Amino acid sequence: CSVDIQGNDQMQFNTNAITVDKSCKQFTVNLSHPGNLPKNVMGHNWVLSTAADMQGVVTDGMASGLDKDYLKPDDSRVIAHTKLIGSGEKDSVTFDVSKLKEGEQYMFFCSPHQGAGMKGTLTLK
Ligand SMILES: [Cu+]
């Protein structure tokens, strides 16, 4: 009921498809950042939304800037997210699986680097 995900200095996650077992009450994402760049240069987060909401979350988040960890304050389209991290840092987020609809289309992504392709899928199986 948890996953360890890495974001690197090349704006890649080390996975692009998360499966959430239906037996899980909660799900945990453990985000880390290999490499050698600070958070104000090459910062990463982990953000969950529906596929439909992703573009708008990313656009509004980018425009909110670093100080706001590239997320629009109190964004209702964000199901779950970590904080923004630099190299050698880590952060975890846990959410209620009850917030997911089984078999539906969810995307995960880093908000400042989604446009560079830092994204993948998540499915309640
Ligand atoms: Cu990123």
Side-chain angles (χ1 to χ4, degrees), residues 1-21 23-100 102-124:
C1 296
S2 80
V3 61
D4 300 347
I5 306 171
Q6 287 167 205
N8 68 17
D9 283 350
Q10 312 152 70
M11 312 175 288
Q12 306 161 318
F13 283 126
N14 67 340
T15 186
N16 47 45
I18 302 167
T19 296
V20 183
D21 201 284
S23 76
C24 299
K25 201 166 90 282
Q26 273 77 48
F27 194 85
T28 302
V29 175
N30 307 315
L31 184 75
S32 67
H33 192 327
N36 198 28
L37 295 166
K39 180 170 69 184
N40 73 340
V41 169
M42 183 52 74
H44 300 321
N45 64 20
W46 184 95
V47 181
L48 182 66
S49 77
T50 61
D53 277 335
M54 167 175 74
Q55 188 58 75
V57 169
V58 169
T59 297
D60 298 349
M62 278 173 59
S64 290
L66 169 71
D67 31 309
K68 307 215 177 292
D69 285 0
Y70 296 103
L71 287 175
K72 184 188 75 177
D74 199 48
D75 194 331
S76 70
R77 298 163 301 186
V78 184
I79 303 162
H81 68 99
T82 68
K83 79 176 83 138
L84 197 81
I85 63 169
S87 61
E89 302 189 325
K90 67 169 169 166
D91 190 49
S92 302
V93 64
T94 307
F95 60 92
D96 298 335
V97 172
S98 89
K99 283 188 180 177
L100 300 179
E102 106 101 42
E104 184 193 322
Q105 281 200 252
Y106 301 100
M107 294 302 288
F108 74 82
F109 49 89
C110 169
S111 59
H113 301 115
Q114 185 269 184
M118 218 167 153
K119 59 184 178 142
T121 54
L122 189 147
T123 315
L124 213 205

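Just the heavy atoms: all of them, side chains too, but no hydrogens, waters or symmetry mates, feed the values below. In this chain, residues are counted from 1 in sequence order.
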For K83, look at atom NZ and say whether over 12 heavy atoms of other residues, nucleotides or ligands are found less than 6.0 Å away. no
Within 6.0 Å of CG in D96, more than 12 heavy atoms from elsewhere: yes
[X] side chain vs [Y] backbone, donor-acceptor pair below 3.5 Å:
X: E89; Y: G86; result: yes
X: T28; Y: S2; result: no
X: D91; Y: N30; result: no

Is the shortest heavy-atom distance from the side chain of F27 to the side chain of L124 under 4.5 Å? no
How far apart are the C-alpha atoms of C24 and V97, what are their side-chain angles, what is the distance that settles it, and do they pass the side chain to side chain contact (heavy atoms under 4.5 Å, CB included) test? CA-CA 7 Å; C24 299; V97 172; 4.0 Å; yes
Is it true that [X] and [Y] fall in one hydrophobic cluster, defined by side-chain heavy atoms closer than 4.5 Å?
X: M118; Y: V57; value: no
X: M62; Y: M107; value: yes
X: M54; Y: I79; value: no
X: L31; Y: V20; value: yes
X: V47; Y: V58; value: yes

Distance check, rounded to the nearest 0.5 Å: [X] atom [atom1] versus [Y] atom [atom2]?
X: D53; Y: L48; atom1: CG; atom2: CG; result: 10.5 Å
X: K68; Y: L84; atom1: NZ; atom2: CG; result: 13.5 Å
X: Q105; Y: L122; atom1: CD; atom2: CG; result: 12.0 Å
X: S98; Y: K25; atom1: OG; atom2: NZ; result: 10.0 Å
X: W46; Y: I85; atom1: CH2; atom2: CD1; result: 13.0 Å
X: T123; Y: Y106; atom1: OG1; atom2: OH; result: 10.0 Å

How close do [X] and [Y] get, counting heavy atoms only, and between which atoms?
X: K119; Y: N16; value: O-CB, 3.9 Å
X: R77; Y: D60; value: NH2-OD2, 2.9 Å
X: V93; Y: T82; value: CG1-CG2, 3.7 Å
X: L71; Y: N45; value: CG-ND2, 4.3 Å
X: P34; Y: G7; value: CD-O, 3.2 Å
X: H44; Y: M11; value: CE1-CA, 4.2 Å

Given the rule in the side chain to side chain contact (heavy atoms under 4.5 Å, CB included) test, do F95 and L100 qualify, once you have shown the distances and angles that lead to the verdict? CA-CA 10 Å; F95 60 92; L100 300 179; 3.9 Å; yes
Side chain to side chain contact (heavy atoms under 4.5 Å, CB included), that's the test. Do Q6 and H33 meet it? Break it down for me. CA-CA 6 Å; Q6 287 167 205; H33 192 327; over 6 Å; no
Can you confirm if the aromatic rings of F109 and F13 lie within a centre distance of less than 6.0 Å? no
Run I5 and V29 through side chain to side chain contact (heavy atoms under 4.5 Å, CB included) and show every step you take. CA-CA 7 Å; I5 306 171; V29 175; 3.8 Å; yes
